[PDB]
Amino acid sequence: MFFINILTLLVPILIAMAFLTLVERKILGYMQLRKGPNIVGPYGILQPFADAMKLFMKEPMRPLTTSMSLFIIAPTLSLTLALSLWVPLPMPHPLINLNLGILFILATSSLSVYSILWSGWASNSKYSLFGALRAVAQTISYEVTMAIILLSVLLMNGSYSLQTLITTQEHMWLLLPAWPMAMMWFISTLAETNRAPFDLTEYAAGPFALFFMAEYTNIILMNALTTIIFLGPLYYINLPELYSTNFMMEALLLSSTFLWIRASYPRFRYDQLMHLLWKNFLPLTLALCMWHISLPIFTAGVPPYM
Amino acid sequence: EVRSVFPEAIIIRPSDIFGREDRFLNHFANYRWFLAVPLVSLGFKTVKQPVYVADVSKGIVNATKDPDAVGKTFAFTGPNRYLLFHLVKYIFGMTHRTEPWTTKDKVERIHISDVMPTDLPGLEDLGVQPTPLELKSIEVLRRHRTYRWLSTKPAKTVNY
Amino acid sequence: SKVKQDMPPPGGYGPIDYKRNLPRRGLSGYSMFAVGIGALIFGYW
Amino acid sequence: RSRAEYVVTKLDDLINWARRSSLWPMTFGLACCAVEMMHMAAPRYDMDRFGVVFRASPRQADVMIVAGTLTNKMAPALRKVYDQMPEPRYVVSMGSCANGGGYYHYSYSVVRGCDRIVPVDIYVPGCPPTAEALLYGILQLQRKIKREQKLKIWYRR
Amino acid sequence: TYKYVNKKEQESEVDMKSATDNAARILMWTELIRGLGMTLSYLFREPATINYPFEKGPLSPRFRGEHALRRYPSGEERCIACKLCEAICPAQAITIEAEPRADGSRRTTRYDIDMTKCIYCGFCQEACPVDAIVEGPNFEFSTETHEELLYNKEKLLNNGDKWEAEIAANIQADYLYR
Amino acid sequence: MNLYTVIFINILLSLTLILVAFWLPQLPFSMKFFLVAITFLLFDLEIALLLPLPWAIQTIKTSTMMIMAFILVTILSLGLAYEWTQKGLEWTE
Ligand SMILES: CCCCCCCCCCCCCCCCCC(=O)OC[C@H](COP(=O)([O-])OCC[N+](C)(C)C)OC(=O)CCCCCCCCCCCCCCCCC
Ligand SMILES: CCCCCCCCCCCCCCCCCC(=O)OC[C@H](COP(=O)(O)OCCN)OC(=O)CCCCCCCCCCCCCCCCC
Ligand code: SF4
Ligand code: SF4
Ligand code: SF4
């Protein structure tokens, strides 16, 4: 039964990823006064499948100077980290209940920036290596600001569990007490997923398809994590389907918000992005971290261990 | 059969042709993907003189345009005879490293020695100077090199 | 005969509002700061 | 015919459908014709709706749209970019310049057609041919690669 | 006259309310929210996409498309081998050879127009004194080989016979302007 | 056992995806990147210090814990201020 639960978790996530590619095409088209794909399939629902089949059907131009070991390792690592990122998520019940699931999430993102660094070093080009170093510095800085923000909001929550977060959120959203933190967390998740305006942008066919799959899977996961942490869905002990549906709706709105932002904004500069983080977020992140340290002490609202 | 049905047919017999898209130099480069080099009798008994594909094509075109080539058999061979082991040593040291892939007929033709072209006319008789593998080998084996080795003594030539 | 040719109407074309027109819409800075602080205190309580 | 050839034909249908439904170009764009290319990318004609993705890298490209005048200084760059593109690659020449030199046919620094450098699959005539006509050329390319029977040729080998 | 695009009149001072407004603007992303809103408005408009090939872009009778050689209503070729089209052809895409026909008429033996050399400028159809060569409205004639765009007299006459029901109507619609 | 099974399934799925992806078709150093890398090291170890705060919030001696956390985040701020003042945060020659 556990393997059946594994299948019914992972396969719909991949379906959501492919249709996220499709809905990004359609929303960007309709925001550009045009249409998305609709010829391929009834209403474009076969377009991501055609894209994936073409990407797996085209031969991969594999250069011999590139290390086959790293060329293999980077996309398979990125996809398996996206799926391992997805597993410990309660909706409102998880496939796997971890004691420190948020620490698991952040460290899995660290292994993802290993994946992008290894892909960049395997790509034997100096411009590719330079862009790889820029992307790793981007991902690393937004990872440190995610870790501090998430630490402070779980100082409000009580533990690194996520069912504890559900019990925290069952009366109100955490957006009201931690909304500047929510804004900075949203921007941080954007720059982790390398979406516009933080995209700042090598592989053909198979590896490119794998990287595309893992990136869009990470997009859906950052949306789901933002939903579960900051915008608590309605939870009732006698029915979990209401929680699943409401979390679904908020995750779809946050994914549409990423596509909205990519349509609306021009991309940042590399110096401007580092300047933005290290001069506006991290000072505010540290100040609000100490504020959220101080808050349960002077309000006596120290959360329970369970 | 070709000489029976078309008595004045120009028959051209080249040796093992090497080139950019050949199945000779790329084949010997693709032996490295296994653990070692599988040579029968360590390749000492086989003697080969490979011929460049551009040389063979120039000979073919000059045979189309040549009035004296009618009803003749030509031998298109390289200027230098190498042993199979020395050829493998040269290709591996030039690469610097250290549709079936191969068949029984393929390895039999590999281990068959090249005959001495004595009575037959050749590329010099059709007006083509046979360029050597040392001069026309870098453009073939460069695609199998590594990055450190992207940016070698010739194998010695026997008369027999 | 009478010449027929692509001409403007006798009354002339209407005015064309070529100037920049930003709507100038938006809530005030003091009151959005006030509602943000109020949301913060309500959430904290 | 044999039952295996029917399965091979259906597999060809599936592969050709995938390749023509997902046609990602890079436009090696030079000139007037590249401007008309981005007018085909424009919302009226919507090659993205057709399944044809605007601004793809040559590493991810399927077809090269040669749009403009190929000069002698640019032809090695064209050949290098064509060689960097992966093996299932097609070429749509567009405009009189890329077709046969066009209005600069007798020029000292203009290659008389990009077919002297790269193998052109489909020529789109005009100066510039309309975006309507370029989208015609793209759909003709989809029909052409629908007509391919690669596993049928391999089975009949 | 002239006007300033970035200069501002005098000073608006430094008031606490203005400082609070600027701080709210760059702390709560007001211009970002309004840009998101009007991009959402375009999400909620109607797309300007036509349904090719079932819908076609609008054109005019002046449109310069595929070349064609017309005829008189009797069926005689309108062309009289006068070579002004190749004289005025700025790309030198027209080659004409001519001789008297068996009845002594002045007709062409060769009329080749290179589509790959043509710039589709209409100089031939505006220099033709008898309305023989025309740029008819066909534009969907992309070929898979370079040879098929090297038109000759037979191909041009076939195009003229094919598109005569539309070329003559376009010339009827527009000939009073030219 | 469950997490082992899921991670093995994940790795197997990704490996079979790359296997079908292959089988189906048949220098000038810059100092500033190192600076932000080591700044990340220092801030990440300071996160490692800051991370046990969900259990440190439950202690009896809340005043001492609060003072230590305040001092630590203050020296985070002071180090970041140092690097900002000595221009380790900009990208300029
Ligand atoms: C979680 C749910 C979803 C939330 C987000 C919803 C979607 C919103 C999408 C908006 C568009 C985002 C696209 C990317 C934009 C990138 C640019 C950007 O945002 O730059 C950030 C900009 C950068 O500003 P900048 O670019 O002008 O630079 C500032 C520096 N100068 C001016 C010198 C150049 O703003 C910030 O960094 C501020 C972040 C928010 C801080 C909010 C603080 C509020 C008050 C704090 C609490 C105070 C009271 C404490 C308690 C008191 C109790 C009594
Ligand atoms: C291509 C090469 C790729 C190389 C890198 C692969 C990365 C894979 C994706 C990331 C996986 C991250 C796993 C991190 C470790 C687990 C984290 C964790 O929280 O573990 C503790 C947890 C139980 O702890 P707790 O929550 O306290 O529960 C007790 C209360 N009931 O759970 C446990 O105690 C379970 C202990 C095992 C958990 C990890 C299982 C790993 C499985 C092996 C992977 C490698 C297999 C060999 C190679 C295959 C081919 C490459
Ligand atoms: S064919 Fe005509 S429109 Fe196209 S690039 Fe050449 S001159 Fe410009
Ligand atoms: S339209 Fe073409 S054939 Fe006619 S004059 Fe112009 S370039 Fe020459
Ligand atoms: S201008 Fe007209 S009539 Fe004269 S040669 Fe040309 S097509 Fe014939």
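Residues numbered from 1 in each chain as written, not as in the entry; some residues may be left out. Chains lettered and ligands numbered in written order. Part of a larger assembly, values for the part shown. Heavy atoms only, no water. Residues with missing side-chain atoms left out of burial classes, pairs and counts.

In the nomenclature of the PDB entry, chain F is known as NADH-ubiquinone oxidoreductase chain 3 of Mus musculus. Listed as the entry title in the PDB record is "Open Complex I from murine liver". As recorded by UniProt, the Subunit (literature references left out) comment attached to chain F reads in full: "Core subunit of respiratory chain NADH dehydrogenase (Complex I) which is composed of 45 different subunits. Interacts with TMEM186 (By similarity). Interacts with TMEM242 (By similarity)." UniProt's Sequence similarities comment on chain F is quoted here verbatim: "Belongs to the complex I subunit 3 family." (UniProt positions renumbered as here; feature names shortened; annotations may be inferred.)

Within the UniProt record for chain E, the comment given under Function (literature references left out) is "Core subunit of the mitochondrial membrane respiratory chain NADH dehydrogenase (Complex I) which catalyzes electron transfer from NADH through the respiratory chain, using ubiquinone as an electron acceptor. Essential for the catalytic activity and assembly of complex I (By similarity)." The Subcellular location field of the UniProt record for chain E holds the comment "Mitochondrion inner membrane".

K.L.:
Got a minute to help me understand the sheet that holds strand 4 (residues 122-124) of chain D in this structure?
P.N.:
By definition, the strands of a sheet pair up through backbone hydrogen bonds, in either a parallel or an antiparallel sense. All names here are of chain D. Overall, parallel pairing links the four strands, which are arranged 1-2-3-4 in an open sheet. At either margin of the open sheet sits one strand with a lone partner, and together these are strand 1 (25-29) and strand 4. Ignoring strand direction, the axes of neighbouring strands in this sheet form an average angle of 20 degrees. Contacts between helix 4 (residues 75-84) and the sheet are confined to strand 1, strand 2 (63-67) and strand 3 (90-94), with strand 2 contributing the most and set at about 165 degrees to the helix. (Pairing = 2+ DSSP bridges. Helix = DSSP H or I, 4+ residues; strand = E, 2+ residues; numbered from the N terminus. Axes fitted to C-alpha atoms, helices over the stretch in contact; angles between N-to-C directions. Contact = heavy atoms within 4.5 Å.)

K.L.:
What is the right way to look at the interface of chain A and chain F in this model?
P.N.:
Taken residue by residue, the interface counts 61 residues in chain A and 48 residues in chain F. Both faces considered, chain A and chain F share a buried interface measuring about 5000 Å² in area, 84% of it formed by carbon and sulfur atoms. On the chain A side of the contact with chain F, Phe56(A), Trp278(A) and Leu286(A) bury the most area, a combined 13% of that side's loss. Inspection of the region where chain A meets chain F yields one salt bridge. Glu90(F) is the partner of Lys279(A) in a salt bridge, and the nearest nitrogen-oxygen pair spans 2.7 Å. The interface formed by chain A and chain F includes six residue pairs in polar contact. Its residues assigned to classes, the side of chain A that touches chain F comprises 45 nonpolar, nine polar and seven charged. (Buried area = accessible area lost by both parts, 1.4 Å probe. Salt bridge = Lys/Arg side-chain N within 4 Å of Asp/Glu carboxyl O. Polar contact = N/O pair within 3.5 Å; in protein donor to acceptor, adjacent residues only side chain to side chain. Nonpolar A, V, L, I, M, F, W, Y, C, P; charged D, E, K, R; others polar.)

K.L.:
In this structure, what is going on with the packing of helix 5 (residues 126-157) of chain A against helix 7 (residues 179-193) of chain A? I would like to understand it.
P.N.:
Angle between the axes and distance between the axes: these two values describe a pair of packed helices. Residues and elements named next belong to chain A. Following both chains from N to C, one finds helix 5 and helix 7 inclined at 150 degrees, their axes separated by 9 Å at the closest point. By the criterion of interaxial angle, the relationship of helix 5 to helix 7 is roughly antiparallel. The handedness of the crossing between helix 5 and helix 7 is left-handed. Contacts from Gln138, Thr139, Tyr142, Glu143, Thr145, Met146, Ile149, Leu150, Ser152 and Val153 in helix 5 reach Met181, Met184, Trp185, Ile187, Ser188, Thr189, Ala191 and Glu192 in helix 7. Partitioning the contact of helix 5 with helix 7 into residue classes produces ten nonpolar, six polar and two charged. (Parallel < 35°, antiparallel > 145°, perpendicular 65-115°, else oblique. Left-handed = near helix turned anticlockwise from the far one by under 90°.)

K.L.:
Mind showing me how you'd approach a nonpolar patch on the surface here?
P.N.:
A cluster of nonpolar side chains, contributed by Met53(A), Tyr6(D), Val7(D), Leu11(D) and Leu14(D), occupies part of the molecular surface with about 390 Å² of accessible area. Considering each element in turn, the nonpolar patch owes the most residues, four residues, to helix 1 (residues 3-21) of chain D. Given the relative accessible area of 39%, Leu14(D) is considered partly exposed. (Patch = residues over 30% accessible without salt bridge, like charges linked within 9 Å, V, L, I, M, F, W, Y side chains within 5 Å. Areas by Shrake-Rupley, 256 points an atom, 1.4 Å probe, with all protein chains shown as cover. Buried < 20%, exposed > 50% of the residue type's maximum accessible area, 1.4 Å probe, protein only.)

K.L.:
Would you mind showing me how to read the environment of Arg59(D) here?
P.N.:
Relative to the helices and strands, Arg59(D) is located in the loop between helix 3 (47-50) and strand 2. Its relative accessible area of 17% is what places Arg59(D) among the buried residues. Apart from the residues lying within four places of it in its own chain, the contact partners of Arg59(D) are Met61(A), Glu202(A), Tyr203(A), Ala204(A), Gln84(D) and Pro86(D). Here the side chain of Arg59(D) touches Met61(A) through a polar contact of 2.5 Å, landing on its backbone oxygen.

K.L.:
Would you mind showing me how to read the site of ligand 3 here?
P.N.:
Residue and element names in this part refer to chain D. In the region of ligand 3, the neighbouring residues are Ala31, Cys32, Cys33, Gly68, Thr69, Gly95, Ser96, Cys97, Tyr104, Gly126, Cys127 and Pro128. For the shell around ligand 3, the secondary-structure elements that each account for two or more residues are helix 2 (32-41) and helix 5 (95-100). Tallied by class, residues from the shell around ligand 3 come to seven nonpolar, five polar and no charged. (Near = heavy atom within 4 Å.)

K.L.:
Explain helix 1 (residues 2-23) of chain F here, please?
P.N.:
Side chains three or four residues apart in an α-helix point the same way, a direct result of the helix having 3.6 residues per turn. Residues and elements named next belong to chain F. Look at helix 1: 31 Å from first C-alpha to last across 22 residues, which is about the 32 Å you get at 1.5 Å a residue. If you check which residues of helix 1 are buried, you get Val6, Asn10, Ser14, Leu17, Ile18 and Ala21. Each buried residue of helix 1 sits inside an arc of 100 degrees when the element is viewed along its axis, so together they form one side. Structural note: helix 1 exposes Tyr4, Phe8, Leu19 and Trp23 on the side pointing more than 90 degrees away from its buried face. (Expected span 1.5 Å × (residues − 1). Arc of directions from axis to C-beta.)

K.L.:
What is the right way to look at unusual backbone geometry in this model?
P.N.:
Most of the time, phi is negative for any residue but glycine, and the peptide bond is trans. A cis amide bond links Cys127(D) to the next residue, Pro128(D), at an omega of -10 degrees. Along the chain, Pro128(D) turns up in the loop between strand 4 and helix 6 (131-146). Residue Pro53(E) follows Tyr52(E) across a cis peptide bond; omega there is -5 degrees. Take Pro53(E): it is sitting in the loop between helix 2 (30-43) and strand 1 (67-69). You will see that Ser41(B), though not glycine, has its phi angle at about 55 degrees, which is positive. Within the secondary structure, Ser41(B) is located in the loop between helix 2 (25-30) and strand 3 (47-48). Taking relative accessible area as the criterion, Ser41(B) reaches 46% and is therefore assigned partly exposed. A positive phi angle, close to 60 degrees, is found at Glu13(E), a residue other than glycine. Tracing the backbone shows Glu13(E) in the segment before helix 1 (16-28).

K.L.:
For this particular structure, what's the right way to read the pattern of salt bridges?
P.N.:
If the charged atoms of two oppositely charged side chains come close together, the side chains can form a pair. Residues and elements named next belong to chain E. Scanning all chains against the criterion turns up 36 salt bridges over all chains. One salt bridge connects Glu66 with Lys155, and the closest N-O pair in it is separated by 3.3 Å. Of the two residues, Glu66 sits in the loop between helix 2 and strand 1 while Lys155 sits in helix 5 (residues 153-162), which places them 89 residues apart along the sequence. For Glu66, a relative accessible area of 3% translates into the label buried. Classification of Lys155 by relative accessible area gives partly exposed; the value is 28%.

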